[PDB]
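Form deposited in one PDB entry, single chain, as structure tokens, below.
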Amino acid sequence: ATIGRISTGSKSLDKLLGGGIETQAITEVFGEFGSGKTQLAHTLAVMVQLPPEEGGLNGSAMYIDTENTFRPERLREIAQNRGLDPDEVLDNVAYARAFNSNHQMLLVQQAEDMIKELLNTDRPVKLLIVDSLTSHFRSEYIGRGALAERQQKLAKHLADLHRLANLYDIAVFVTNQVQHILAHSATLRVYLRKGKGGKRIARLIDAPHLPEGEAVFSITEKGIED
């Protein structure tokens, strides 16, 4: 099945990504607090709703939050400043707080139910966001031997997410706070940091056959743009 691409709002970042965030893939964006990772998540939750000539997939989004970073009014702002109805856009973002890592796993199973329900409608789910994906795993699996167990549980969670992406042709977008020898299993990893002039800088990590470069973007009333 053809890979779909969701624009980030930034032409620079989209170029680095080969046109946008891919369906049938997990894209991980990681960095310090304020690096742009959560602003990008909010922006994508709007962009996915647009038609493809505007960089979207005519879809809806599901946003799983682990550290209370979801801001409904930020979504409404991004929508309004892109010519969209804020309330309709917010209603197309299904939100859930994950209370712990086991609940986070159940929420992914519930996401599958919603994806199946909407799959053949005019607005399928096309984006699943997990913000600060590792935060509960890091607090719960800690101490001697926790590295192996945590990594096994994370790998299983990521395998479940990969299955949804591949089976239902959706993009999975995950964020993490930055922590250098641990394994990772996202399809594509993107490091974000602050740069000069209020800009954020993006770099692909461990993607040897994707072209060499860095993207530059801003955080604005439209979410993310150049």
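So that there is no doubt, residue numbering starts at 1 and follows the sequence shown.
Enquirer: Unmodelled stretch from the deposited sequence between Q179 and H180, which bin: none, 1 to 3, 4 to 9, 10 or more?
Expert: Unresolved stretch here: 4 to 9 residues.
Enquirer: Decide which of the stretches 8-16 and 208-216 has the higher mean C-alpha B-factor, going by the entry.
Expert: Mean CA B-factor is higher for 208-216.
Enquirer: Please compare 197-205 with 158-166 and say which has the higher mean C-alpha temperature factor in the record.
Expert: Per the deposited B-factors, the answer is 197-205.
Enquirer: With respect to the C-alpha temperature factors reported in the PDB entry, which of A98, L75, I129, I115 ranks highest?
Expert: If I rank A98, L75, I129, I115 by C-alpha B-factor, first place goes to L75.
Enquirer: By the CA temperature factor listed in this entry, which of these ranks top: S60, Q39, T27, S185?
Expert: Comparing C-alpha B-factors across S60, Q39, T27, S185, the maximum falls on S185.
Enquirer: Quick one: classify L133 as lowest, middle or highest third of the chain based on its Cα B-factor.
Expert: Tercile = highest for this residue's CA B-factor.
Enquirer: Per the entry's values, where does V89 land by CA temperature factor relative to the rest of its chain, in the lowest, middle or highest third?
Expert: Middle third - that is where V89 ends up once the chain's C-alpha B-factors are sorted.
Enquirer: Sort the modelled residues of this chain by their C-alpha B factor and say whether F33 lands in the lowest, middle or highest third.
Expert: For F33, whose C-alpha B-factor we compare with every modelled residue in the chain, the answer is the highest third.
Enquirer: When the modelled residues of the chain are sorted by Cα temperature factor, does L119 land in the lowest, middle or highest third?
Expert: For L119, whose C-alpha B-factor we compare with every modelled residue in the chain, the answer is the lowest third.
Enquirer: Can you tell me whether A146 has a C-alpha B-factor in the lowest, middle or highest third compared with the other modelled residues of the same chain?
Expert: According to the entry, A146 has a C-alpha B-factor in the chain's highest third.
Same protein, other form: the form solved in complex with a partner chain, not shown, and the subject of what follows.
Enquirer: Among the candidate stretches 170-178, 36-44, 192-200, 61-69, which one is within 4.5 Å of the partner chain in the bound PDB entry when only heavy atoms are counted?
Expert: Among the listed stretches, the partner-contacting one is 61-69.
Enquirer: Would you kindly say which of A146, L84, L107, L118 lies with a heavy atom within 4.5 Å of the partner chain in the bound PDB entry?
Expert: When the partner chain is considered in the bound PDB entry, the option within 4.5 Å is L107.
Enquirer: At 4.5 Å between heavy atoms, is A111 in contact with the partner chain in the bound PDB entry?
Expert: Contact check for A111: yes, within 4.5 Å of the partner chain in the bound PDB entry.
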